[PDB]
């Protein structure tokens, strides 16, 4: 009973047992919940998911950038086993406990910037984003929030409002929280089709956004600008150099809280501890979740002390938040990243994947763009000889990969992005094999 780090197809995909389990799902779970690949998981670790039929699939999704340090990481297993025996919940607002404080300290340490910082914990990315806005409004005593045109921030009313794409995230769920405005992001590949300078010069892309913010809202009415350092669900869009620094600067000059949403990019994923570290961005607040606790429901807001302390006592909280078992897992996750060279591992994975995809792109112009950092890499698929999105090809490729025992996700505003989010504990051999399969499907 130890999990073999090799792909294995005993059945077609999905298999007979998964198909049986699926009858139960259809009869019990709301039809609002969509499933990408309906194989039922019995076990996972390293770079492998094992299903109910005995198949072993190559994980190139890590549950959407969550099991970065690998499913059921051994330090996490240990930390959880010990904590679950001591206590499962006290509610930190009732009687506190050291595990919550320890996590706050570690986030204060590892996040960008070097001043006084404070943290608060919740259970989901959407909750943390919600609280970053509460914090910013309490501090500034201003109303509006600016989000970007490829942004994804969550499924609650306000975070739906912050999100750009109507289907499936927003359609039919409003009316939405007021005072949300939308600005254009740095999207080099498609900016390039119109203005070559904007695509390469990030400061100029920031000016484009700032001119609109100033005209349509004004700093005097603005609490916060919120941005993903790399847009996730919107299509793994890495902004031009200079873009994030220029937003930061403008926010400082204008008493607007600058918020980095690092829910997807955070915790070693991009080849640094946080995506903001690549250009030395120091946001006023940074939002984290997903990879923070190796799959346990936990999220955080971390930021400048003066800002984070603005809400009255008892103004922030929630019953479950900073659950002590989830905290034990968070501590073991941070420990794992530092002691096992995960940031460097992310950088190895970049070199391996970029090298394959760039060689593929030279051979096949259906790859409009190859972009990303660390273990967060994507290709955008287009019709040969143009820049027109090819969603059809994107879906066919993913469906073929699934059928070949490869868990690969799509994303993108136009439905034409293949994304790669392997756990860092994937072997180079499994990672290459996953890439081989993608190349074979595209070749014929």
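Positions refer to the first chain, counted from 1.
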| field | 93-101 versus 199-207 - greater average Cα B-factor per the deposited record | value | 199-207
| 357-365 versus 179-187: which one carries the higher mean Cα B factor per the record? | 357-365
| When the CA B-factors of 141, 339, 170, 290 are compared as recorded in the entry, which is the largest? | 339
| field | Maximum C-alpha temperature factor, selected from 260, 193, 158, 328 | value | 193
| said: Is residue 112 in the lowest, middle or highest third of its chain when residues are ranked by C-alpha B-factor? | reply: highest
| query | So where's residue 54 on the chain's Cα temperature factor ranking, which third? | reply | highest
| message | Going by the CA temperature factor in the PDB record, which third of the chain does residue 392 belong to: lowest, middle or highest? | response | highest
| note | Split the chain's modelled residues into thirds by Cα B-factor; residue 216 lands in the middle
| query | Going by what the PDB entry lists, where does residue 373 fall on CA B-factor within its chain: lowest, middle or highest third? | reply | highest
